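A short write-up of the structure that comes next.
Remember, it's 1-based here, ligands and their atoms both numbered in the order they're listed. Numbered from 1 within each chain, the chains take letters A, B, ... in sequence-line order.
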Amino acid sequence: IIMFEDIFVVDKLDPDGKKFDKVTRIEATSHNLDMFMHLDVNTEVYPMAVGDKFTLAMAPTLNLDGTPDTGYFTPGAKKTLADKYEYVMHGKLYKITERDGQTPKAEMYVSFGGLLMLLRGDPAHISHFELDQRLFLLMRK
Amino acid sequence: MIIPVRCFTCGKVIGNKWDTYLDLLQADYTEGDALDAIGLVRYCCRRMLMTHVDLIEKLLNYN
Amino acid sequence: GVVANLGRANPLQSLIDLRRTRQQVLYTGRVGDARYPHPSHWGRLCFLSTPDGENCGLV
Amino acid sequence: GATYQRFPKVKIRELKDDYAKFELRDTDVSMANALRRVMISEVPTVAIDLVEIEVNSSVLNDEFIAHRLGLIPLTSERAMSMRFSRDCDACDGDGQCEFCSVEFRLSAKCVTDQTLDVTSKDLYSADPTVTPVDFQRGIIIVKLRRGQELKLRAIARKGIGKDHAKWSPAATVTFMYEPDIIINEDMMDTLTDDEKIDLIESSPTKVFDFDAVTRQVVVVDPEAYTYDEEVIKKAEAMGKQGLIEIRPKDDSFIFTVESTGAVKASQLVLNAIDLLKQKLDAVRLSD
Amino acid sequence: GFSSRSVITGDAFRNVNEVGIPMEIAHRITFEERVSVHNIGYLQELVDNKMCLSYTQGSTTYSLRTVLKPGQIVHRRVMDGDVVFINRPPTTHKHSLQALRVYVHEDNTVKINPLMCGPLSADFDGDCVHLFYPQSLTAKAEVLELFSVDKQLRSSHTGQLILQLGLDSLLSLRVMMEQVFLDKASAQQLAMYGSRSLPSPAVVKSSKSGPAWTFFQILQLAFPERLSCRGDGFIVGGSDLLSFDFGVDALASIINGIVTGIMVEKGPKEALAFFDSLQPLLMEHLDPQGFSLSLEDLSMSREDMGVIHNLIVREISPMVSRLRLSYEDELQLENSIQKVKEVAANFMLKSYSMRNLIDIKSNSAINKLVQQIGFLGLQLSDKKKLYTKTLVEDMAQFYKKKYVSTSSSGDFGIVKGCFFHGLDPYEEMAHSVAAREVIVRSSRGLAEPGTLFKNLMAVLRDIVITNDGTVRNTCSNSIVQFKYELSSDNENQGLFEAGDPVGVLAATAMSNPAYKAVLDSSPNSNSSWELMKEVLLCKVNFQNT
Amino acid sequence: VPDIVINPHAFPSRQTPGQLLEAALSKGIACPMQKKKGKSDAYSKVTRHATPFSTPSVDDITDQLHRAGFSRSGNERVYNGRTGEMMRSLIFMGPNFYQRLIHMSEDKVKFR
Amino acid sequence: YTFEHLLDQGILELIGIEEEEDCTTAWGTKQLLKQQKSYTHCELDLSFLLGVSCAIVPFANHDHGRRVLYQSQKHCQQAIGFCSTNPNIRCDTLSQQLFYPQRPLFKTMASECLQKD
Amino acid sequence: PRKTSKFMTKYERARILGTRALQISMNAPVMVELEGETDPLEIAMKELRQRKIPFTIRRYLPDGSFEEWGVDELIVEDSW
Amino acid sequence: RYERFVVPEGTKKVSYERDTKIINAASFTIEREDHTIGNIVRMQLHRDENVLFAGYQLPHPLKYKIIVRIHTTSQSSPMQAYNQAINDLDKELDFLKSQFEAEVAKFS
Amino acid sequence: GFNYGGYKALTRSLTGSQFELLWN
RNA sequence: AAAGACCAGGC
Ligand SMILES: [Mg+2]
Ligand SMILES: [Zn+2]
Ligand SMILES: [Zn+2]
């Protein structure tokens, strides 16, 4: 069971650029539910353009039935996990600072092994996320 | 003093090829053609014969 | 600085020990342009090879 | 009850004594590298190990002569069946003894006023199975002028190339990846033919060629490629990106095996496979 | 007690505080022990295995080359785990006394970690070191307590660390930074060298390839447990490298910040353990890739070389026939040729191998590559050189004589060629004068630092921080200073404590840049040593110079 | 395989580029000429002098390497010896004349 | 030729330092001599300006001068190569020798002219 | 005791460990337990770590005065 | 003296050690081996499906000794995965030898 | 200065012994 | 014994 899902549309690529050679940073608003996001993503295994469609989920576990998670994704008998997506990451929430500056926006900070992501938005969605919780980035086109 | 038995880098037997190389040089061949006709293909083996200095003849006179 | 020993480590050391030239000076360490190449060395003394100790340029 | 086994496939393209060329596919590069490393450093041969010198009147010293004698290749088909000298209890070394040792003798003295050559055809073994390899005149050892003399006795034993390079049976064993070359013909038509000659002249070896009978280019012998980036850097220098592309075709290799002659070129591969089995067996878990 | 001289070689796969000692050295040097309780059986095992060389009960030295009672002296041979202290022969090596732990090998050299080259200022081109072997037990305590590597980790000349990532380690980090991702096999092969565990992948599944780690997860494999610190370009939280910003202009400083975070909050040896896990990981990362340089790296194009020659024959040569006829205050020459050298460096850093093998921000090391790829620049002048002006006039007349093919097509003191394309015989002679002057200045001129260090130690020898804290002389018991630092007091400890010989530390911190400046003998490093002598060597009598 | 391996950090700092030009020249004169022309005098136009102050230009050295079947830049692809994988960087290889000096390690060992 | 026959026909001359100040000498290169004839002399080779251990160094005008000094003054006197051809009457303190000495692959002008290995 | 540092310096630490290991080598009783160790310097280091060492120091001031002190009263507790 | 090549001392040829921090994880230490055995065993263990970690390491490049670390899932164990890899390598070598003998007899 | 003219001037104008251990 | 004198390696 996921904790978030939304269809996103990218606003721009490279707000500064000039970074590692196979990483692109996307800056995006959201189409349905009011959200702000900017993310590091791999370019060679998943090229991403301007004006796209993609949706994002924020599940804390891959398995659709079981709760625990130890091990990589070597498929086999229990491939019944959330395989509805083409690109997944796995990282950590490290700063859940509350703004109260333009109080409709409340920011949140995660990092996938060095690849950063900021997600702002309403206080009524970033609450069940808590500090130092492992998260995933299930994302498809 | 004498030609070494094997090439230093690869280990091919070259120690029975000196007098043949001198005989081919004596019949007006270039050094590249004298090594081509004798079977040496890697440049490591060719530099063993192009650069050998035959000091045994001078040692045989001066006792 | 007149008579030296002949070295026999290889034949080249013996060859270059026989082809040297020296400007002897009083206190080694305060000379003029004695330690330097002059343009009148061209073709007759080597301007690239010389010692690097106290005899730099003097030999 | 699980199996995760591979099935290698072998196709020999040229085979003779002391030379073998064969392509090997459907295995991993770790297995090809294991075969190469074992053929260079693990397959045993027989070579001279002790030299006992009685008379030396030549102008060469004894360590020069012993090191020359150590590197002459002997015929070693018995080397898989005999034992190392650290394991033999039927002797003390120090002489001829089967399963561990062969004795050689040599004696020469110049009496003419011409210079006498002493070759490897003057070494006589006390075992007619282990002799020097026949290739000419034989490998030179020393030269004498008049009244000089060489007289010695040698002990030849078994060993491997990891111990000294005189026991290695391979003058050179190597493999190479098999290449996969694609040329985009929809971008090949964009080039005039002098620019095609300018592209083909960038390759160091003869991998591409020009057939003006159709006014085009063709990939002929795509195994003369040496994986330098010269043609690709040329096409990236002309701007015409992606015109050619080369990827190493995985799980496919071409082995070349040359032996010093101590053992045949098929027997070297077969003894490598046997020794690699023998060290896979001794590593097992008992449980 | 004993001393030993030997040639040094390197070894990156043993620990930083370890030294490898040849067996021929080790089996002839002894350590003395007083046999008593808690070591009867342990020393009896040794004397039974014939590892104790000699003995003395009472005073009569009976040899063993006897059972043990408590109270005599056993002399055993050097084995693994003992402490020696190392010193290159201190010609300039004023503070290089280091304490190291011994392992034994069979070769002929002394092996040290490559991180210990800069604390010793040694290299592996023929250098020898002296090892000393402490015999007394209070001497062992003093050596182990004052001069160990973890004790001496933060420098006393500067505020920095004595251990910096150097040549192959920094290059391994740079090539690990220009490609960001690693597949499973090489990542687990690197994770064999880490002290921690390998994390879950940052990328679990793409549709193109399999899983992939990033290099931050590889770099975090050397941290200690439950580390959480912070610096300029990084955030580490929960022993995980959360953030590390882009750069190659910042990378060494960020690594230095991570190590100072660990050594501000982590342990008694954790920064050394960090280095001991990081360095072999970087070697094993770089080894299946290789790194080289070709002729293409050294060949500037025809266009860029034409621009270099056009900028010379346009700007540099008509000016140099004007402002060199004036006197010394016109160093506008150096600024303009530095502008042309900036143009040449911007050209030559397009080759991928050359920008990884130097320090880009360094200027003494970037002029040396411009001399190889492009022009050499100015070689002859008559300002503050050790040759006279008659040599310069002779060389200008000789320049008129030899270039009879259109003389005065440039200047006589400017060399336009490069080392990669080769010099003229005239350019070779002009360059050879400049090289000879640098060599003479570096060899004969090493007497003014030698005098300065003697006269500096003669006056600064006995200045100590006292037990009440005032920096005082001790032979006259007079106050030189009321406080050494500005935030040192009896609540807050600092980098310096009571009993520290701060005068000797000041003298050595003054003598090091002098010796470095003369051993370089660049124009900048000559002017700096002039400016230093004009302060340090003032005269109380009026000389009206 | 090489006989001697040296570090690439030694070249941008010592200013001895001639060592790369000697090794690229020597490799061109010990290799067999592959006879793309197929004429008699395949080894007639071989450059081997490197005399000081009249050295050959680098276009002649690189054309000699190209006629022998090698890249002009002087480097070549190599396979890793411990694992077998094709290494990502190309390596500069070639013959250099090296000298063994009289300073040996076993004569420098001393103990007081 | 003999040297005496070339001297006796005026093709070659022996010239001292003071007389050479009245001489226009082309730089060795025949291409400098024969593209413009405003010269009175020409060198035999430019590399003969150097001493015997420096003229045999390959690409010796492509290196920095301290390095050429290191090679031609220090390192070539310490190399181990040939020692002698009659070692039975040489009781030196130390004598060292390689097993198989080689010559280089390249050919400078001085090594082609002296014909020494 | 006031007016001086409540930390122990490296020169006091070295001499305390030296005299303690010299005492242990002279058949002195060990004030703590042994977890299988033989080197006397490491026993003295464990004694300093567990603060079971009897000694007293006298810090001499420059003006002739001093400060008596007991060795289990200084901060020796500092990690990185 | 050149005898300490392939002979071990009174130690075992292989020594097993099951680590304590992670479960289903072990490190087999093999005497008198090097890259040849370790590399093929590593790349054969990656072909297995109940193997999550496989890696080999020389403790020092001048020692003739390797350490092989395996972490498995709960459907298998490290010792089963080790032995399955070794048996698969023997059967692959037997197949290779039969193919090579057939091709050599064909060429004559 | 740090030369003789400064050194003779001041010369004309003008750890160990820091602590002691004992038993308790 | 002691000094001269030389050479080499560093600084
Ligand atoms: Mg050095
Ligand atoms: Zn060869
Ligand atoms: Zn026997």
With rounding to the nearest 0.5 angstrom, report the [atom1] to [atom2] distance, [X] to [Y].
X     : Y      : atom1 : atom2 : answer
B/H52 : B/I3   : NE2   : CD1   : 4.5 Å
D/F64 : G/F99  : CZ    : CZ    : 6.5 Å
D/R36 : D/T256 : CZ    : OG1   : 12.5 Å

To 10°, measure the SG(B/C45)-the Zn ion (ligand 2)-SG(B/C7) angle for me. 110°

Opening angle between SG in B/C10 and SG in B/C44, taken at the Zn ion (ligand 2), to 10 degrees: 130°

Any side-chain heavy-atom pair from D/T172 and B/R42 closer than 4.5 angstrom? yes

Vertex the Zn ion (ligand 3): angle to SG of D/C97 and SG of D/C88, to 10°? 120°

Around the Mg ion (ligand 1), what protein N, O or S atoms are found below 2.8 Å? E/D123 OD1, E/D125 OD1, E/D127 OD1

Salt-bridged, E/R88 to E/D127, with N to O below 4.0 Å? yes

Using a strict 4.0 Å threshold on nitrogen-to-oxygen distance, state whether D/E42 and D/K162 make a salt bridge. no

Just by distance, no angles: are the side chains of B/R47 and B/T9 close enough, under 3.5 Å, to form a donor-acceptor pair? yes

